[PDB]
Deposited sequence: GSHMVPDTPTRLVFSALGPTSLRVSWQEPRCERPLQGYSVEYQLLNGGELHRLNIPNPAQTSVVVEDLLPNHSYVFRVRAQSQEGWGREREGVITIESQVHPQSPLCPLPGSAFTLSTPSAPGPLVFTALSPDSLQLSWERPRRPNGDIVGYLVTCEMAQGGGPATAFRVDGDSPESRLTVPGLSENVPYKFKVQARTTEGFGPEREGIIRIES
């Protein structure tokens, strides 16, 4: 049977909609199933072309937890699913970024990324502790790399389990977009990654 998708990625597009994307290591296509974590009716999207690995889901309820499951299908049958639980949080003093009124959350991921540009070549990144880590938190791995590819990544190890964690990142070329990734290291392993791209102006 088809392999399990190797990656499942979520991006909030608004308070009630998100993009779900996945990666597979021929196929008829994929199924994307989602439902409220507690008792909701099951919604299944059949994706007919193996080359389409993303879909937009709309009409989600704000501040409600949803479970998403993605599987591939072939002639030999359905493969195993990759699963993620996601909430889009929004209101019922920070720099008003477009899309700041809503954030994605999952229990084991670091909180939303908050960036402070300290100078043309330096910034500080901060994030809230995962609300429900799998095991106790030992620290965080933070990676920084040029978003347009090419160069190497820089990996910072942030030790400890503070309610809020912070990292100052120096040596950033001016006006260059950088991709940041944050994930918790726990006694059970690595949690989900939170990723975003910034550019210091």
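Coordinate coverage of the deposited sequence breaks at 1-4, 30-33, 101-104, 214, these segments carrying no C-alpha atoms.
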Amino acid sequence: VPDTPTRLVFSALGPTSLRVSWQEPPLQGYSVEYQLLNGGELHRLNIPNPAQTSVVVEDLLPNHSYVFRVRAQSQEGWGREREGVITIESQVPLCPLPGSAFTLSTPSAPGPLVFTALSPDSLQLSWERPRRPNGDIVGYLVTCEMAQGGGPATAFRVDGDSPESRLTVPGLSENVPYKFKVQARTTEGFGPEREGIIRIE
From here on, numbers count along this sequence of modelled residues.
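Note on 103-111 vs 70-78: mean CA B-factor is higher in 70-78.
For the pair 163-171 and 34-42, the mean Cα B-factor is higher in 34-42.
You'll see in the entry that, of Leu60, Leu141, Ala51, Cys144, the Cα B factor peaks at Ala51. Ranking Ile88, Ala117, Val85, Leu97 by the C-alpha B-factor listed in the PDB entry places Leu97 at the top. In the deposited entry, the Cα temperature factor of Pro5 places it in the middle third of its chain's modelled residues. When the modelled residues of the chain are ordered by their C-alpha B factor, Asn134 lands in the highest third.
Placement of the Cα temperature factor of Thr154 within the chain: lowest third of the modelled residues, per the deposited record. In this PDB entry, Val56 carries a Cα temperature factor that places it within the lowest third of its chain's modelled residues. Remark: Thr187 belongs to the highest third of its chain, ranked by C-alpha B-factor as recorded.
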